[PDB]
Amino acid sequence: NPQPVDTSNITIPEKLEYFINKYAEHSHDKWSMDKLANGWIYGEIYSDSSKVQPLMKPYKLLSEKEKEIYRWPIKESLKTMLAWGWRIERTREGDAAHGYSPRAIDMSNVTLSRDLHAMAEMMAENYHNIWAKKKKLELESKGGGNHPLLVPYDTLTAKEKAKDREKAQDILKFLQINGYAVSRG
């Protein structure tokens, strides 16, 4: 049986509010640096055959409504992170074409730490078990049939886990780039 967690009952920390904005900015820099080897730009007509997208909006010009693309994936990264009682502590300090060109890096060139990996794979299993209730939310109450993703955990293929386990490693990586202590005790 898929075992859900309660996310939306905890209040957002104000001490991590500098982290949320800076990580949403750096997530825009990473996401567009996956698009700056090619050159995707904002456009008015959403006809993707001309390789133009209606999402390539800069981070420095967000309203309080277009931040929903940048807020709603990231705020779920904290509501289940502090669910097992594991808190976040502090460490020492840590830091051709044009367009919105970042002086930033990606999220595949740093290594993970030893107090981090058990949290990382526990959060990956937790994402597998909350998206299992999300797939019980979309196409089983409208009129469809059953869906065969009710298997035990250690057998299901990982091509459906690509947006699930590779979101569980960068959310603790920017805690190391900003210098936040991860601790299981």
# chains A, B, ... in the order shown; residues from 1 in each chain; ligands from 1
>>> select_by_dssp(residues="chain A", states="strand (DSSP E)", output="list in words")
residues 88, 89, 90, 180, 181 and 182 of chain A
>>> write_last_selection(atoms="C-alpha atoms", output="CSV table (one decimal), in the first residue's frame")
chain,number,residue,atom,x,y,z
A,88,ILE,CA,18.9,21.8,9.2
A,89,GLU,CA,21.9,23.4,11.0
A,90,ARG,CA,24.6,25.9,9.9
A,180,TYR,CA,23.6,24.3,5.3
A,181,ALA,CA,24.4,21.4,7.7
A,182,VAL,CA,22.5,18.2,7.0
>>> residues_around(residues="range 136-145 of chain A", least_positions_apart="4", cutoff="12 Å", atoms="only C-alpha atoms", output="list in words")
residues 1, 2, 4, 129, 130, 131, 132, 149 and 150 of chain A
>>> closest_residue(among="A:112, A:162, A:171, A:12", to="residue 24 in chain A", atoms="only C-alpha atoms")
A:171
>>> closest_residue(among="A:156, A:16, A:41, A:52", to="residue 87 in chain A", atoms="only C-alpha atoms")
A:16
>>> closest_residue(among="A:96, A:83, A:45, A:168", to="residue 127 in chain A", atoms="only C-alpha atoms")
A:168
>>> residues_around(residues="residue 104 in chain A", least_positions_apart="3", cutoff="8 Å", atoms="only C-alpha atoms", output="ChimeraX atom specification")
/A:26,29-30
>>> atom_distance(atom1="CA of residue 37 in chain A", atom2="CA of residue 25 in chain A")
18.8 Å
>>> closest_residue(among="A:20, A:14, A:5, A:165", to="residue 75 in chain A", atoms="only C-alpha atoms")
A:20
>>> select_by_dssp(residues="range 17-154 of chain A", states="alpha helix (DSSP H)", output="NGL selection string")
:A and (17-33 or 68-71 or 76-79 or 117-138)
>>> write_last_selection(atoms="C-alpha atoms", output="mmCIF file, in the first residue's frame")
data_model
loop_
_atom_site.group_PDB
_atom_site.id
_atom_site.type_symbol
_atom_site.label_atom_id
_atom_site.label_comp_id
_atom_site.auth_asym_id
_atom_site.auth_seq_id
_atom_site.Cartn_x
_atom_site.Cartn_y
_atom_site.Cartn_z
ATOM 1 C CA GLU A 17 13.350 32.307 2.988
ATOM 2 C CA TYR A 18 16.685 33.621 1.714
ATOM 3 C CA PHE A 19 17.405 30.049 0.574
ATOM 4 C CA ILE A 20 14.107 29.625 -1.319
ATOM 5 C CA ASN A 21 14.517 32.779 -3.431
ATOM 6 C CA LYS A 22 18.210 32.139 -4.183
ATOM 7 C CA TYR A 23 17.566 28.493 -5.054
ATOM 8 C CA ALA A 24 14.682 29.471 -7.347
ATOM 9 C CA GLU A 25 17.027 31.939 -9.055
ATOM 10 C CA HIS A 26 19.768 29.280 -9.328
ATOM 11 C CA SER A 27 17.183 26.771 -10.591
ATOM 12 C CA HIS A 28 16.318 29.251 -13.342
ATOM 13 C CA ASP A 29 20.066 29.553 -14.078
ATOM 14 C CA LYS A 30 20.499 25.756 -14.173
ATOM 15 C CA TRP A 31 17.314 25.134 -16.194
ATOM 16 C CA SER A 32 18.248 27.809 -18.753
ATOM 17 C CA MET A 33 21.875 26.612 -18.855
ATOM 18 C CA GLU A 68 4.292 29.670 -9.097
ATOM 19 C CA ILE A 69 6.514 27.894 -11.639
ATOM 20 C CA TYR A 70 9.510 28.635 -9.362
ATOM 21 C CA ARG A 71 7.859 28.312 -5.927
ATOM 22 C CA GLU A 76 7.549 20.822 -1.291
ATOM 23 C CA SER A 77 11.294 20.217 -0.827
ATOM 24 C CA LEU A 78 11.048 21.460 2.767
ATOM 25 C CA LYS A 79 7.574 20.360 3.918
ATOM 26 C CA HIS A 117 22.811 10.116 1.305
ATOM 27 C CA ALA A 118 20.405 8.271 3.608
ATOM 28 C CA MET A 119 18.216 11.379 3.697
ATOM 29 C CA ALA A 120 18.560 11.581 -0.099
ATOM 30 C CA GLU A 121 17.357 8.043 -0.761
ATOM 31 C CA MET A 122 14.706 8.276 1.981
ATOM 32 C CA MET A 123 13.385 11.424 0.274
ATOM 33 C CA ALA A 124 13.548 9.594 -3.071
ATOM 34 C CA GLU A 125 11.396 6.766 -1.680
ATOM 35 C CA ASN A 126 9.128 9.439 -0.154
ATOM 36 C CA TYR A 127 8.729 11.087 -3.571
ATOM 37 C CA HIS A 128 7.963 7.651 -5.061
ATOM 38 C CA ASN A 129 5.273 7.231 -2.366
ATOM 39 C CA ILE A 130 3.695 10.710 -2.717
ATOM 40 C CA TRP A 131 3.579 10.548 -6.529
ATOM 41 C CA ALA A 132 1.929 7.143 -6.084
ATOM 42 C CA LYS A 133 -0.892 9.023 -4.359
ATOM 43 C CA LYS A 134 -0.682 11.711 -7.035
ATOM 44 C CA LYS A 135 -1.265 9.019 -9.649
ATOM 45 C CA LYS A 136 -4.230 7.938 -7.512
ATOM 46 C CA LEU A 137 -5.459 11.542 -7.879
ATOM 47 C CA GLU A 138 -5.496 12.151 -11.642
#
>>> atom_distance(atom1="CA of residue 39 in chain A", atom2="CA of residue 62 in chain A")
20.7 Å
>>> decode(residues="range 43-63 of chain A", atoms="N, CA and C atoms", output="PDB file, in the first residue's frame")
ATOM      1  N   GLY A  43       8.914  34.006 -26.147  1.00  0.00           N
ATOM      2  CA  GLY A  43       8.171  34.450 -27.309  1.00  0.00           C
ATOM      3  C   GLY A  43       6.709  34.745 -27.042  1.00  0.00           C
ATOM      4  N   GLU A  44       6.058  35.399 -28.000  1.00  0.00           N
ATOM      5  CA  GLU A  44       4.662  35.793 -27.878  1.00  0.00           C
ATOM      6  C   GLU A  44       3.702  34.748 -28.415  1.00  0.00           C
ATOM      7  N   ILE A  45       4.010  34.139 -29.554  1.00  0.00           N
ATOM      8  CA  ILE A  45       3.206  33.061 -30.114  1.00  0.00           C
ATOM      9  C   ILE A  45       3.852  31.739 -29.724  1.00  0.00           C
ATOM     10  N   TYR A  46       3.072  30.861 -29.093  1.00  0.00           N
ATOM     11  CA  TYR A  46       3.587  29.585 -28.611  1.00  0.00           C
ATOM     12  C   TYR A  46       3.544  28.514 -29.692  1.00  0.00           C
ATOM     13  N   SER A  47       4.349  28.674 -30.740  1.00  0.00           N
ATOM     14  CA  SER A  47       4.464  27.699 -31.822  1.00  0.00           C
ATOM     15  C   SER A  47       5.869  27.117 -31.724  1.00  0.00           C
ATOM     16  N   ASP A  48       5.968  25.911 -31.161  1.00  0.00           N
ATOM     17  CA  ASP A  48       7.256  25.341 -30.789  1.00  0.00           C
ATOM     18  C   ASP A  48       8.056  24.814 -31.975  1.00  0.00           C
ATOM     19  N   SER A  49       7.485  24.800 -33.185  1.00  0.00           N
ATOM     20  CA  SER A  49       8.235  24.352 -34.355  1.00  0.00           C
ATOM     21  C   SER A  49       9.301  25.360 -34.765  1.00  0.00           C
ATOM     22  N   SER A  50       9.175  26.610 -34.319  1.00  0.00           N
ATOM     23  CA  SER A  50      10.189  27.632 -34.532  1.00  0.00           C
ATOM     24  C   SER A  50      11.196  27.698 -33.386  1.00  0.00           C
ATOM     25  N   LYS A  51      11.136  26.731 -32.456  1.00  0.00           N
ATOM     26  CA  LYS A  51      12.049  26.592 -31.311  1.00  0.00           C
ATOM     27  C   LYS A  51      12.062  27.843 -30.430  1.00  0.00           C
ATOM     28  N   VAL A  52      10.869  28.320 -30.086  1.00  0.00           N
ATOM     29  CA  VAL A  52      10.693  29.453 -29.184  1.00  0.00           C
ATOM     30  C   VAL A  52       9.722  29.013 -28.093  1.00  0.00           C
ATOM     31  N   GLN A  53       9.957  29.460 -26.866  1.00  0.00           N
ATOM     32  CA  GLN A  53       9.098  28.955 -25.811  1.00  0.00           C
ATOM     33  C   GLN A  53       8.424  30.087 -25.043  1.00  0.00           C
ATOM     34  N   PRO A  54       7.204  29.867 -24.541  1.00  0.00           N
ATOM     35  CA  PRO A  54       6.555  30.881 -23.703  1.00  0.00           C
ATOM     36  C   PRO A  54       6.920  30.787 -22.225  1.00  0.00           C
ATOM     37  N   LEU A  55       8.014  30.107 -21.877  1.00  0.00           N
ATOM     38  CA  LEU A  55       8.401  29.977 -20.479  1.00  0.00           C
ATOM     39  C   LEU A  55       9.749  30.631 -20.166  1.00  0.00           C
ATOM     40  N   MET A  56      10.496  31.095 -21.169  1.00  0.00           N
ATOM     41  CA  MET A  56      11.866  31.590 -20.959  1.00  0.00           C
ATOM     42  C   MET A  56      11.899  33.010 -20.389  1.00  0.00           C
ATOM     43  N   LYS A  57      11.194  33.227 -19.287  1.00  0.00           N
ATOM     44  CA  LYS A  57      11.088  34.489 -18.575  1.00  0.00           C
ATOM     45  C   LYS A  57      12.225  34.616 -17.564  1.00  0.00           C
ATOM     46  N   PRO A  58      12.918  35.778 -17.544  1.00  0.00           N
ATOM     47  CA  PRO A  58      14.015  35.981 -16.584  1.00  0.00           C
ATOM     48  C   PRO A  58      13.549  35.973 -15.137  1.00  0.00           C
ATOM     49  N   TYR A  59      14.455  35.675 -14.205  1.00  0.00           N
ATOM     50  CA  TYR A  59      14.078  35.615 -12.800  1.00  0.00           C
ATOM     51  C   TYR A  59      13.906  36.990 -12.178  1.00  0.00           C
ATOM     52  N   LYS A  60      14.629  37.996 -12.664  1.00  0.00           N
ATOM     53  CA  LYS A  60      14.595  39.332 -12.074  1.00  0.00           C
ATOM     54  C   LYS A  60      13.321  40.113 -12.394  1.00  0.00           C
ATOM     55  N   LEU A  61      12.410  39.555 -13.188  1.00  0.00           N
ATOM     56  CA  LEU A  61      11.171  40.214 -13.576  1.00  0.00           C
ATOM     57  C   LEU A  61       9.967  39.326 -13.290  1.00  0.00           C
ATOM     58  N   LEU A  62       9.917  38.725 -12.109  1.00  0.00           N
ATOM     59  CA  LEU A  62       8.765  37.919 -11.735  1.00  0.00           C
ATOM     60  C   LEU A  62       7.749  38.751 -10.960  1.00  0.00           C
ATOM     61  N   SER A  63       6.478  38.504 -11.253  1.00  0.00           N
ATOM     62  CA  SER A  63       5.360  39.026 -10.485  1.00  0.00           C
ATOM     63  C   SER A  63       5.073  38.078  -9.326  1.00  0.00           C
TER      64      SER A  63
END
